[PDB]
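What follows is one chain in structure tokens, specifically the form deposited in one PDB entry.
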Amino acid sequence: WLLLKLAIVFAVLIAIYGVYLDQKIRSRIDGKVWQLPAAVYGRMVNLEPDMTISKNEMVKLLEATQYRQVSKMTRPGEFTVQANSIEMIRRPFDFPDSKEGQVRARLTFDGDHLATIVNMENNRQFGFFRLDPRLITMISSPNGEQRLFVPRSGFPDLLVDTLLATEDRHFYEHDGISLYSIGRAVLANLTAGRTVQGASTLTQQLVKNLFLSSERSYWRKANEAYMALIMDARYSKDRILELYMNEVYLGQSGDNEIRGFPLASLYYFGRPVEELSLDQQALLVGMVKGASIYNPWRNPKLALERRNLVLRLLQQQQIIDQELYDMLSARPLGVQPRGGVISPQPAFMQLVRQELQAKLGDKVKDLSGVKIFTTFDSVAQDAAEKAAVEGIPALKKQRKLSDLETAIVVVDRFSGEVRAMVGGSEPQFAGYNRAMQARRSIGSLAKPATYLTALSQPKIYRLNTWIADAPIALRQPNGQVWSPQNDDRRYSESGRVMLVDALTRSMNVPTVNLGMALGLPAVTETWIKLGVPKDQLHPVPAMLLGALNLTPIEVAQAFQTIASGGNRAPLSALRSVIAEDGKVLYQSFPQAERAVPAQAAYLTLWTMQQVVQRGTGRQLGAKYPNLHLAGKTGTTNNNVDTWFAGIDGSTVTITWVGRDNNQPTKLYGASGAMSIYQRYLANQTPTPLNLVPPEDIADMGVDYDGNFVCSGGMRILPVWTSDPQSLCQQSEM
């Protein structure tokens, strides 16, 4: 003719263009679809019968782990409260130790301990019950696209319907050949074009997002149609919407694109997609059309009407009715955290990233769908953050200041595992992390090292050992004379104090005489074993009183070493690093090292309970007498810094209060740091400190003179002896 000969030649190369398209769609799908960023999780708590935890403590623990209080549990991630129990649906979690599904459980309490954890489905007791970890954040992926991969089955059939009720019928590929005829006929041609009117199948919307550019292609829709004919031909409808539901752009976080319903549900609502309500699903689905302008942060009015349109669109099709309509529209969209949620826990994340580098180097950022399990505690953090946010403006007002900063570090007493980190007064927005970057003179926090060095010598130094408290003059290597004074510029009437009272009252003059008698090399060695940085130790008499500049985290290591009964446990934020296939890339293990004798650490801890009960920290002791806290105070010269090292039955807490410019704070007696700690304790349930005396510890009596007696005596002090017959040697006088 011949429009066929050449018109047939058109058919040939467009079908081979189609086999250039199929051969390239496979390359994407058959393997790496996206670079899935790392998942960062908090601690995984194991509930156990007889555990020292109360009903009120557990509610706060559950709430802190994304659990919602209800009256009728219908969903996973919910809990009810009774007079003596908690009923919960422990959500399914891919636990490293063993994968688990939903568990309907009852936690029966008998104050202040958990008695039983019973499965409500079989009436059987659990030897131990696992709590799922809370997702802290995602480590930013380079191409700026954030996703949390959830398989097809993770998506509830309802959200699947809510989606189809807005964008499909799903009998597709060919993709609505008749839609193109109406879609282009409605507008009555004429160039365009407005409205088209959303002439796109789910398989057309997928190919667009996954494979094609933003716009300028009227050629694209037809090129996308060509791809939406290949995809639904070789991939089942189940895979189409598995890929689709993880790709869809749903929001923004500065320079990071929030995409896919799984990460979106947590981002806007704080729940994994499986736990979403219908009003929540409808909004999320409705956002798809335009994710940026349907922002419940920026313009709720618009989003509050869209969600409501999806509510009204769903009732039009089969599923719902106005009995559940009128109320669903009334329910406010959010359920909105109200925070920008740009960078969660920045201070604690610096430690995580630093530790990730030290343990795996570079060849870890190469991998996809990585799972990072941290030591992070949600309860301890919230309490520390609150103490900072509330305590700082309170102190600024009382003392009257224009600026004031803080730093809190909470570590496991025994394991060294970091539970909480506060880098400033505004922890929600941080760039300077004072917990790891603020190097400061520790002041009187340097005192226990000297007493721990002395008490490590049980045949020479004991708690009843008399120390001179009289004027000092120390000739130094310039000729200048060092004359240290006690905070009050006074000396003891008798010219002497006992070791026990010298540390209880943080006495300067008796600490120098003790330190100088032991010698600086000896005290310098204790500091090394406690775990402080080697390059910060300058062995001059001044260091016995605080001429030692450390960060709160470095201080936390030193006090952990002593709080654990003499075992130095290197501080850490990493519990494990797991690949998507389940390969254990990194696994932490106990590496605690015996630093100082058990008995020497016990006598220091016992004396530290005395500072809190009757000495420098007595104001705290009187507020919480039943906790028997072991602590130590710090106030540097010219009120530059206030410090507090507090030990409960479970944690070591280092609180620092000072100004970024190193200026006076008008606060003394560790008043700043001690009242921030006071709030931290008031904001949660601290563990009472019950000291287990190690072997060779004997409570001995002394007379007013400080000499051991057989029976009686006016004062009882613990002593490191296998044979308390030091009494006889003393009594024989």
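For every residue, the number given is its place in the sequence shown, counted from 1. Take the two forms, superpose them, and find the largest set of C-alpha atoms that agree within 1.5 Å; that set is the rigid core.
Not on display, but discussed next: the form deposited in another entry.
Superposed on the rigid core, the two forms differ between this form and the one not shown by 2 Å or more at the C-alpha of one listed residue only; from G260, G176, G515, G443 that residue is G176. The rigid-core alignment places the CA of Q322 2 Å or more apart between this form and the one not shown.
Between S265 and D326, the C-alpha separation shrinks by 3 Å or more in the other entry, relative to the conformation displayed. The Cα-Cα distance between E274 and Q316 is shortened by 3 Å or more in the other entry relative to the form shown here.
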